[PDB]
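**Student:** So I've got this file, coords_36.cif, and it contains mmCIF, N, CA and C atoms:
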data_run
#
loop_
_atom_site.label_atom_id
_atom_site.label_comp_id
_atom_site.auth_asym_id
_atom_site.auth_seq_id
_atom_site.Cartn_x
_atom_site.Cartn_y
_atom_site.Cartn_z
N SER A 1856 116.67 133.47 80.17
CA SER A 1856 116.54 134.66 81.08
C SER A 1856 115.14 135.20 80.84
N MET A 1857 114.84 136.37 81.41
CA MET A 1857 113.54 137.01 81.20
C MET A 1857 113.03 137.18 79.77
N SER A 1858 111.88 136.52 79.49
CA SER A 1858 111.33 136.43 78.13
C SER A 1858 112.26 135.69 77.07
N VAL A 1859 113.16 134.87 77.53
CA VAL A 1859 114.12 134.14 76.63
C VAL A 1859 114.17 132.72 77.13
N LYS A 1860 113.42 131.85 76.44
CA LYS A 1860 113.29 130.45 76.88
C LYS A 1860 113.80 129.46 75.89
N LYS A 1861 114.60 128.46 76.33
CA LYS A 1861 114.89 127.24 75.55
C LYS A 1861 113.60 126.57 75.12
N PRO A 1862 113.60 125.80 74.03
CA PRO A 1862 112.38 125.09 73.59
C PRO A 1862 111.77 124.09 74.65
N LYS A 1863 110.42 124.00 74.75
CA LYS A 1863 109.77 123.18 75.83
C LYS A 1863 109.93 121.63 75.60
N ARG A 1864 110.94 120.99 76.22
CA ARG A 1864 110.97 119.49 76.47
C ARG A 1864 109.64 118.92 77.06
N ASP A 1865 109.06 117.93 76.37
CA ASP A 1865 107.70 117.45 76.72
C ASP A 1865 107.87 116.56 77.97
N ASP A 1866 107.34 117.04 79.07
CA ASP A 1866 107.44 116.33 80.36
C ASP A 1866 106.13 115.69 80.78
N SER A 1867 105.14 115.65 79.89
CA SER A 1867 103.77 115.27 80.30
C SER A 1867 103.60 113.77 80.62
N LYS A 1868 104.51 112.96 80.08
CA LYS A 1868 104.58 111.54 80.38
C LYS A 1868 105.55 111.12 81.49
N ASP A 1869 106.20 112.09 82.10
CA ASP A 1869 107.27 111.78 83.10
C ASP A 1869 106.71 110.97 84.26
N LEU A 1870 105.57 111.40 84.80
CA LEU A 1870 104.94 110.73 85.97
C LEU A 1870 104.66 109.25 85.70
N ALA A 1871 104.04 108.98 84.56
CA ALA A 1871 103.79 107.64 84.13
C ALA A 1871 105.00 106.80 83.90
N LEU A 1872 105.99 107.38 83.27
CA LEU A 1872 107.20 106.66 83.01
C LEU A 1872 108.05 106.36 84.33
N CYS A 1873 108.16 107.36 85.21
CA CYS A 1873 108.81 107.12 86.54
C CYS A 1873 108.06 106.00 87.33
N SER A 1874 106.71 106.02 87.27
CA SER A 1874 105.89 104.92 87.86
C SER A 1874 106.23 103.54 87.25
N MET A 1875 106.41 103.47 85.93
CA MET A 1875 106.78 102.25 85.28
C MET A 1875 108.13 101.76 85.67
N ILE A 1876 109.11 102.65 85.68
CA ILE A 1876 110.45 102.29 86.13
C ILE A 1876 110.43 101.76 87.61
N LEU A 1877 109.68 102.44 88.45
CA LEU A 1877 109.57 102.11 89.86
C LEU A 1877 108.96 100.73 89.99
N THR A 1878 107.90 100.44 89.18
CA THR A 1878 107.32 99.07 89.14
C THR A 1878 108.33 98.02 88.81
N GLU A 1879 109.18 98.28 87.83
CA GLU A 1879 110.17 97.35 87.42
C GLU A 1879 111.19 97.16 88.54
N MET A 1880 111.53 98.22 89.23
CA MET A 1880 112.49 98.08 90.37
C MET A 1880 111.81 97.29 91.52
N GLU A 1881 110.54 97.59 91.82
CA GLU A 1881 109.80 96.87 92.85
C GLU A 1881 109.71 95.34 92.63
N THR A 1882 109.68 94.92 91.39
CA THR A 1882 109.46 93.52 91.02
C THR A 1882 110.78 92.79 90.71
N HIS A 1883 111.91 93.46 90.73
CA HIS A 1883 113.21 92.82 90.55
C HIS A 1883 113.48 91.88 91.74
N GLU A 1884 114.10 90.74 91.47
CA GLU A 1884 114.32 89.78 92.55
C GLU A 1884 115.24 90.28 93.62
N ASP A 1885 116.16 91.17 93.29
CA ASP A 1885 117.07 91.74 94.24
C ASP A 1885 116.56 93.05 94.94
N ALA A 1886 115.29 93.34 94.84
CA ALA A 1886 114.71 94.53 95.46
C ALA A 1886 114.45 94.35 96.97
N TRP A 1887 114.45 93.09 97.46
CA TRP A 1887 114.01 92.82 98.84
C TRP A 1887 114.65 93.68 99.93
N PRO A 1888 115.94 94.09 99.80
CA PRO A 1888 116.43 94.96 100.89
C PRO A 1888 115.86 96.34 100.92
N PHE A 1889 115.14 96.72 99.85
CA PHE A 1889 114.80 98.13 99.52
C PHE A 1889 113.31 98.42 99.50
N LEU A 1890 112.49 97.41 99.70
CA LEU A 1890 111.05 97.51 99.51
C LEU A 1890 110.38 98.35 100.61
N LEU A 1891 110.91 98.28 101.83
CA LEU A 1891 110.35 98.95 103.00
C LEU A 1891 111.40 99.69 103.75
N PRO A 1892 111.00 100.73 104.52
CA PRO A 1892 111.96 101.38 105.38
C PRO A 1892 112.72 100.45 106.34
N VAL A 1893 114.02 100.70 106.47
CA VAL A 1893 114.85 99.96 107.44
C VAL A 1893 114.26 100.23 108.81
N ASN A 1894 114.10 99.16 109.60
CA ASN A 1894 113.46 99.31 110.92
C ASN A 1894 114.50 99.95 111.89
N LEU A 1895 114.30 101.20 112.18
CA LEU A 1895 115.28 101.97 112.97
C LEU A 1895 115.36 101.57 114.43
N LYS A 1896 114.34 100.86 114.93
CA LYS A 1896 114.40 100.28 116.28
C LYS A 1896 115.20 99.00 116.28
N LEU A 1897 115.23 98.27 115.17
CA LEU A 1897 115.81 96.95 115.18
C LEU A 1897 117.14 96.87 114.54
N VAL A 1898 117.65 97.94 113.90
CA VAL A 1898 118.94 97.82 113.19
C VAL A 1898 119.85 98.84 113.81
N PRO A 1899 120.69 98.36 114.75
CA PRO A 1899 121.67 99.23 115.40
C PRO A 1899 122.53 100.00 114.41
N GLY A 1900 122.72 101.25 114.70
CA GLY A 1900 123.63 102.09 113.93
C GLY A 1900 122.89 102.90 112.85
N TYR A 1901 121.74 102.38 112.39
CA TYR A 1901 121.15 102.92 111.11
C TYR A 1901 120.66 104.32 111.24
N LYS A 1902 119.95 104.54 112.35
CA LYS A 1902 119.40 105.88 112.62
C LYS A 1902 120.47 106.96 112.65
N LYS A 1903 121.56 106.69 113.38
CA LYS A 1903 122.60 107.70 113.52
C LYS A 1903 123.45 107.92 112.29
N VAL A 1904 123.75 106.82 111.63
CA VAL A 1904 124.62 106.87 110.51
C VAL A 1904 123.95 107.38 109.24
N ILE A 1905 122.70 106.97 109.00
CA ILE A 1905 122.06 107.25 107.65
C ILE A 1905 121.12 108.41 107.83
N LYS A 1906 121.59 109.56 107.39
CA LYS A 1906 120.92 110.80 107.74
C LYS A 1906 119.58 110.93 107.01
N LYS A 1907 119.50 110.37 105.80
CA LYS A 1907 118.27 110.43 105.03
C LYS A 1907 117.87 109.06 104.52
N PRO A 1908 117.13 108.29 105.32
CA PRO A 1908 116.68 106.95 104.89
C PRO A 1908 115.72 107.08 103.73
N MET A 1909 115.81 106.12 102.80
CA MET A 1909 114.90 106.14 101.63
C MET A 1909 114.74 104.68 101.21
N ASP A 1910 113.56 104.36 100.69
CA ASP A 1910 113.16 103.00 100.28
C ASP A 1910 112.11 103.11 99.17
N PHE A 1911 111.85 102.00 98.46
CA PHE A 1911 110.95 102.04 97.32
C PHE A 1911 109.53 102.38 97.72
N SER A 1912 109.05 101.88 98.87
CA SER A 1912 107.70 102.19 99.31
C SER A 1912 107.45 103.66 99.58
N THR A 1913 108.44 104.33 100.12
CA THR A 1913 108.43 105.72 100.44
C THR A 1913 108.50 106.54 99.14
N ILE A 1914 109.28 106.05 98.18
CA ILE A 1914 109.32 106.71 96.87
C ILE A 1914 107.97 106.55 96.21
N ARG A 1915 107.38 105.35 96.30
CA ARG A 1915 106.08 105.12 95.67
C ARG A 1915 104.97 106.05 96.25
N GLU A 1916 104.96 106.23 97.54
CA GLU A 1916 103.99 107.08 98.20
C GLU A 1916 104.21 108.57 97.77
N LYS A 1917 105.49 109.01 97.76
CA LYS A 1917 105.83 110.37 97.33
C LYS A 1917 105.37 110.56 95.85
N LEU A 1918 105.60 109.56 95.00
CA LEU A 1918 105.23 109.66 93.60
C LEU A 1918 103.69 109.81 93.43
N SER A 1919 102.95 108.95 94.11
CA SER A 1919 101.51 108.90 94.08
C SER A 1919 100.80 110.13 94.66
N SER A 1920 101.48 110.96 95.42
CA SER A 1920 100.91 112.08 96.15
C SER A 1920 101.47 113.44 95.72
N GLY A 1921 102.13 113.49 94.54
CA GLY A 1921 102.64 114.77 93.99
C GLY A 1921 103.70 115.37 94.76
N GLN A 1922 104.52 114.55 95.42
CA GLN A 1922 105.67 115.16 96.16
C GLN A 1922 107.03 115.22 95.40
N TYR A 1923 107.06 114.72 94.17
CA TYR A 1923 108.23 115.01 93.26
C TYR A 1923 107.91 116.16 92.27
N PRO A 1924 108.62 117.28 92.41
CA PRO A 1924 108.33 118.37 91.48
C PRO A 1924 108.76 118.04 90.07
N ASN A 1925 109.75 117.18 89.88
CA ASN A 1925 110.16 116.86 88.51
C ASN A 1925 110.93 115.53 88.50
N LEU A 1926 111.28 115.04 87.31
CA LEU A 1926 111.87 113.69 87.25
C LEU A 1926 113.27 113.65 87.93
N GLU A 1927 114.02 114.76 88.02
CA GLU A 1927 115.32 114.74 88.68
C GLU A 1927 115.21 114.52 90.21
N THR A 1928 114.18 115.05 90.86
CA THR A 1928 114.03 114.84 92.26
C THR A 1928 113.67 113.37 92.49
N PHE A 1929 112.94 112.76 91.56
CA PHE A 1929 112.62 111.31 91.64
C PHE A 1929 113.93 110.50 91.57
N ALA A 1930 114.77 110.79 90.57
CA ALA A 1930 116.07 110.05 90.41
C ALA A 1930 116.99 110.23 91.64
N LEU A 1931 116.97 111.41 92.26
CA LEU A 1931 117.75 111.67 93.47
C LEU A 1931 117.37 110.72 94.63
N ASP A 1932 116.08 110.51 94.83
CA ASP A 1932 115.60 109.58 95.87
C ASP A 1932 115.92 108.13 95.55
N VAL A 1933 115.80 107.71 94.26
CA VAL A 1933 116.16 106.36 93.94
C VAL A 1933 117.69 106.18 94.25
N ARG A 1934 118.53 107.10 93.75
CA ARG A 1934 119.99 106.97 93.96
C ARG A 1934 120.31 107.00 95.46
N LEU A 1935 119.58 107.80 96.27
CA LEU A 1935 119.75 107.83 97.70
C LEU A 1935 119.59 106.44 98.32
N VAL A 1936 118.63 105.66 97.81
CA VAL A 1936 118.43 104.32 98.29
C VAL A 1936 119.78 103.51 98.15
N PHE A 1937 120.45 103.67 97.00
CA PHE A 1937 121.65 102.89 96.75
C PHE A 1937 122.89 103.42 97.40
N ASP A 1938 122.98 104.73 97.50
CA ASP A 1938 124.03 105.40 98.25
C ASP A 1938 123.96 105.07 99.71
N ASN A 1939 122.78 105.06 100.29
CA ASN A 1939 122.61 104.59 101.68
C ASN A 1939 123.07 103.14 101.84
N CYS A 1940 122.69 102.31 100.89
CA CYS A 1940 123.02 100.88 100.97
C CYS A 1940 124.57 100.69 100.97
N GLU A 1941 125.26 101.44 100.11
CA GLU A 1941 126.75 101.37 100.05
C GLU A 1941 127.41 101.92 101.32
N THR A 1942 126.81 102.93 101.92
CA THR A 1942 127.29 103.48 103.19
C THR A 1942 127.26 102.44 104.34
N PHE A 1943 126.23 101.61 104.39
CA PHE A 1943 126.02 100.74 105.49
C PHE A 1943 126.38 99.28 105.29
N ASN A 1944 126.63 98.86 104.05
CA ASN A 1944 126.78 97.45 103.75
C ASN A 1944 128.10 97.22 103.00
N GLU A 1945 128.75 96.12 103.34
CA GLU A 1945 129.98 95.75 102.62
C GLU A 1945 129.58 95.36 101.18
N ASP A 1946 130.41 95.76 100.22
CA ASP A 1946 130.25 95.31 98.80
C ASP A 1946 130.09 93.77 98.67
N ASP A 1947 130.83 93.01 99.46
CA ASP A 1947 130.78 91.55 99.44
C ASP A 1947 129.80 91.03 100.53
N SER A 1948 128.54 91.40 100.38
CA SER A 1948 127.43 90.93 101.24
C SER A 1948 126.30 90.75 100.28
N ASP A 1949 125.30 89.99 100.65
CA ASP A 1949 124.16 89.90 99.77
C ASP A 1949 123.49 91.25 99.53
N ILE A 1950 123.33 92.03 100.58
CA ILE A 1950 122.60 93.30 100.45
C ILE A 1950 123.47 94.24 99.66
N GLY A 1951 124.78 94.21 99.90
CA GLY A 1951 125.74 95.12 99.21
C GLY A 1951 125.73 94.87 97.68
N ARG A 1952 125.69 93.60 97.31
CA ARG A 1952 125.60 93.15 95.91
C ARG A 1952 124.22 93.50 95.30
N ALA A 1953 123.16 93.30 96.08
CA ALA A 1953 121.81 93.71 95.65
C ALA A 1953 121.79 95.15 95.25
N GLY A 1954 122.42 95.99 96.04
CA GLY A 1954 122.40 97.42 95.82
C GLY A 1954 123.16 97.83 94.59
N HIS A 1955 124.33 97.22 94.38
CA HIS A 1955 125.03 97.44 93.11
C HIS A 1955 124.24 97.01 91.91
N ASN A 1956 123.61 95.82 91.95
CA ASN A 1956 122.82 95.33 90.84
C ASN A 1956 121.62 96.27 90.52
N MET A 1957 120.92 96.67 91.58
CA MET A 1957 119.71 97.52 91.42
C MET A 1957 120.07 98.91 90.89
N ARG A 1958 121.20 99.42 91.28
CA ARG A 1958 121.63 100.72 90.77
C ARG A 1958 121.92 100.63 89.25
N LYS A 1959 122.67 99.59 88.89
CA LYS A 1959 122.90 99.30 87.47
C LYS A 1959 121.61 99.16 86.68
N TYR A 1960 120.65 98.36 87.17
CA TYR A 1960 119.39 98.20 86.56
C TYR A 1960 118.63 99.52 86.37
N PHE A 1961 118.62 100.34 87.43
CA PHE A 1961 117.90 101.59 87.41
C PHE A 1961 118.53 102.55 86.35
N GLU A 1962 119.85 102.65 86.34
CA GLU A 1962 120.51 103.64 85.55
C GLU A 1962 120.37 103.36 84.05
N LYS A 1963 120.29 102.08 83.68
CA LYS A 1963 119.99 101.73 82.32
C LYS A 1963 118.55 102.10 81.91
N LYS A 1964 117.56 101.77 82.74
CA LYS A 1964 116.18 102.16 82.45
C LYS A 1964 116.06 103.66 82.34
N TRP A 1965 116.80 104.38 83.16
CA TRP A 1965 116.74 105.82 83.22
C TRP A 1965 117.24 106.44 81.88
N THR A 1966 118.43 106.04 81.48
CA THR A 1966 119.02 106.37 80.19
C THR A 1966 118.16 105.94 79.02
N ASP A 1967 117.73 104.67 78.96
CA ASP A 1967 116.87 104.24 77.89
C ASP A 1967 115.54 104.97 77.82
N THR A 1968 114.97 105.39 78.95
CA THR A 1968 113.67 106.02 78.91
C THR A 1968 113.75 107.53 78.58
N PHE A 1969 114.77 108.22 79.06
CA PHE A 1969 114.80 109.68 79.11
C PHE A 1969 115.98 110.33 78.35
N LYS A 1970 117.05 109.59 78.01
CA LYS A 1970 118.28 110.20 77.43
C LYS A 1970 118.58 109.66 76.01
#
Using structure tokens, write down the structure from this file.
**Tutor:**
Amino acid sequence: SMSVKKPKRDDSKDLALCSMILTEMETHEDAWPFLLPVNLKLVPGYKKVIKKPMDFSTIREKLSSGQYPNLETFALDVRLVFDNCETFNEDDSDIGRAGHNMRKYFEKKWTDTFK
């Protein structure tokens, strides 16, 4: 509360570490469905159904331009990528399986790096 603060958690490496995690996600073999925005002209249903599209390239640009105020807003956008994928894709599809794998991969790096 006013003039009463918890001890300062060192956040000065967060930007660098989120960039490293993002690099690792970008270079994973199962990243291909997620590297670029879904083409809203070419994929019927996507525009209407997926209210907030998100992809690794868009996260990378937001990261590089100071549009994440903190590491939690970064994790929200990464998880959005996978939540969108589950909304639109059957679990038993290549893309559906990619999304499960990438979420698992991300969540371990996240825990190992920050928790």
**Student:** Under the rule that only C-alpha atoms are counted, which of A:1883, A:1964, A:1864, A:1955 is the nearest residue to residue 1940 of chain A?
**Tutor:**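 Looking only at the distances to residue 1940 of chain A, the closest residue turns out to be A:1955.
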**Student:** Please provide as a list in words all residues within 8 Å of segment 1912-1917 of chain A, with the sequence filter that same-chain residues fewer than 6 positions apart are discarded (counting all atoms listed in the file).
**Tutor:**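 Counting only the stated atoms, we get residues 1874, 1877, 1881, 1889, 1890, 1891, 1892, 1923, 1929, 1932 and 1933 of chain A.
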**Student:** Using Å and a single decimal, report how far atom CA of residue 1873 of chain A sits from atom CA of residue 1918 of chain A.
**Tutor:** 8.3 Å
**Student:** Please compute the atom N of residue 1900 of chain A-atom N of residue 1942 of chain A distance, one decimal, in Å.
**Tutor:**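 Interatomic distance, atom N of residue 1900 of chain A to atom N of residue 1942 of chain A: 13.5 Å.
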**Student:** One decimal, in Å: what's the spacing between atom CA of residue 1919 of chain A and atom CA of residue 1876 of chain A?
**Tutor:**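 Rounded to one decimal, the two atoms are 13.7 Å apart.
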**Student:** Please enclose the listed atoms of segment 1946-1960 of chain A in an axis-aligned box, pad each side by 5 Å, and write out the centre and the three edge lengths in Å, rounded to one decimal, as JSON.
**Tutor:**
{"center_x": 124.7, "center_y": 95.3, "center_z": 93.8, "size_x": 22.2, "size_y": 20.8, "size_z": 24.9}
**Student:** Which residues in chain A does DSSP call alpha helix (DSSP H)? List them as a ChimeraX atom specification.
**Tutor:** /A:1869-1882,1901-1904,1911-1919,1926-1943,1949-1969
**Student:** List the neighbours of residue 1906 of chain A out to 12 Å using only C-alpha atoms; skip same-chain residues closer than 5 positions along the sequence, and give me the result as a PyMOL selection string.
**Tutor:** chain A and resi 1895+1900-1901+1935-1936+1938-1939+1942-1943
**Student:** Kindly export the residues of the current selection with N, CA and C atoms, as a CSV table (one decimal), keeping the file's coordinate frame.
**Tutor:**
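As a result, out26.csv now contains:
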chain,number,residue,atom,x,y,z
A,1895,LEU,N,114.3,101.2,112.2
A,1895,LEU,CA,115.3,102.0,113.0
A,1895,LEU,C,115.4,101.6,114.4
A,1900,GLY,N,122.7,101.2,114.7
A,1900,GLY,CA,123.6,102.1,113.9
A,1900,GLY,C,122.9,102.9,112.8
A,1901,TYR,N,121.7,102.4,112.4
A,1901,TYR,CA,121.2,102.9,111.1
A,1901,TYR,C,120.7,104.3,111.2
A,1935,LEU,N,119.6,107.8,96.3
A,1935,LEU,CA,119.8,107.8,97.7
A,1935,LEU,C,119.6,106.4,98.3
A,1936,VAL,N,118.6,105.7,97.8
A,1936,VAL,CA,118.4,104.3,98.3
A,1936,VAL,C,119.8,103.5,98.2
A,1938,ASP,N,123.0,104.7,97.5
A,1938,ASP,CA,124.0,105.4,98.2
A,1938,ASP,C,124.0,105.1,99.7
A,1939,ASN,N,122.8,105.1,100.3
A,1939,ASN,CA,122.6,104.6,101.7
A,1939,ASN,C,123.1,103.1,101.8
A,1942,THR,N,126.8,102.9,101.9
A,1942,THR,CA,127.3,103.5,103.2
A,1942,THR,C,127.3,102.4,104.3
A,1943,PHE,N,126.2,101.6,104.4
A,1943,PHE,CA,126.0,100.7,105.5
A,1943,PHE,C,126.4,99.3,105.3
**Student:** Would you kindly return, as a list in words, each protein, DNA or RNA residue with an atom no farther than 9 Å from any atom of residue 1880 of chain A, considering only C-alpha atoms and excluding same-chain residues fewer than 5 positions away?
**Tutor:**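 Here the answer would be residues 1875, 1885, 1886, 1911, 1957, 1960 and 1961 of chain A.
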**Student:** Write a file of the just-selected residues containing N, CA and C atoms, as a JSON list (two decimals), in the coordinates of the input.
**Tutor:**
[["chain", "number", "residue", "atom", "x", "y", "z"],
["A", 1875, "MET", "N", 106.41, 103.47, 85.93],
["A", 1875, "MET", "CA", 106.78, 102.25, 85.28],
["A", 1875, "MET", "C", 108.13, 101.76, 85.67],
["A", 1885, "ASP", "N", 116.16, 91.17, 93.29],
["A", 1885, "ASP", "CA", 117.07, 91.74, 94.24],
["A", 1885, "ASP", "C", 116.56, 93.05, 94.94],
["A", 1886, "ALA", "N", 115.29, 93.34, 94.84],
["A", 1886, "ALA", "CA", 114.71, 94.53, 95.46],
["A", 1886, "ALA", "C", 114.45, 94.35, 96.97],
["A", 1911, "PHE", "N", 111.85, 102.00, 98.46],
["A", 1911, "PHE", "CA", 110.95, 102.04, 97.32],
["A", 1911, "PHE", "C", 109.53, 102.38, 97.72],
["A", 1957, "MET", "N", 120.92, 96.67, 91.58],
["A", 1957, "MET", "CA", 119.71, 97.52, 91.42],
["A", 1957, "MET", "C", 120.07, 98.91, 90.89],
["A", 1960, "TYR", "N", 120.65, 98.36, 87.17],
["A", 1960, "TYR", "CA", 119.39, 98.20, 86.56],
["A", 1960, "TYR", "C", 118.63, 99.52, 86.37],
["A", 1961, "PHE", "N", 118.62, 100.34, 87.43],
["A", 1961, "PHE", "CA", 117.90, 101.59, 87.41],
["A", 1961, "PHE", "C", 118.53, 102.55, 86.35]]
